[PDB]
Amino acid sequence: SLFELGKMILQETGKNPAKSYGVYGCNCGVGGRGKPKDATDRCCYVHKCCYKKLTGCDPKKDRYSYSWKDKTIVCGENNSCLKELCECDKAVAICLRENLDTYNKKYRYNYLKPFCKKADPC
């Protein structure tokens, strides 16, 4: 669910997850997909494509189990869809941390999200 996702993002990036990514670029946070603006935004595009494949569960609402083994996020066995959901979230949390060097505060509150150019199909 968004709660586990937020926790992973807070721990990997050190940033306030909703403030920093909740409306960022054409793909992060609320809304849908669009042509990515930068490397952070591409992380978020890959994540929304990941959610789009999960028909067996609800990515926004469904809880799942995961733990930390030293510095590694480990997704618990769950059921098939919930395990894949956890892997989507783990992957984007790591991606956002690795791309902090090009995070652009100008893109943080993108009130033009509905006018983004059309994204490539997932």
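Superpose the two forms; the largest set of C-alphas matching within 1.5 Å is the rigid core. From 1 onward, residues are counted along the sequence shown.
> Using the rigid core for superposition, please say which stretch has the greater CA deviation in 6 other deposited structures of this protein, 38-46 or 55-63.
Evaluated in 6 other deposited structures of this protein, the stretch farther from the shown form is 55-63.
> Comparing C-alpha positions in 6 other deposited structures of this protein against this form, with the rigid core used for the fit, which stretch differs more, 65-73 or 22-30?
Farther from the shown form on average in 6 other deposited structures of this protein: 65-73.
> Going by the B-factors listed in the PDB entry, is the mean over the C-alpha atoms higher for 113-121 or for 2-10?
Result of the comparison: 113-121.
> Taking the mean of the C-alpha B-factors per stretch from the entry, tell me the winner out of 63-71 and 33-41.
Looking at the record's C-alpha B-factors, the answer is 63-71.
> Could you tell me which one of 57, 26, 46, 95 shows the highest CA temperature factor in the PDB record?
Comparing C-alpha B-factors across 57, 26, 46, 95, the top value belongs to 57.
> Please place residue 83 in the lowest, middle or highest third of its chain by C-alpha B factor as given in the entry.
CA B-factor rank for residue 83: middle third.
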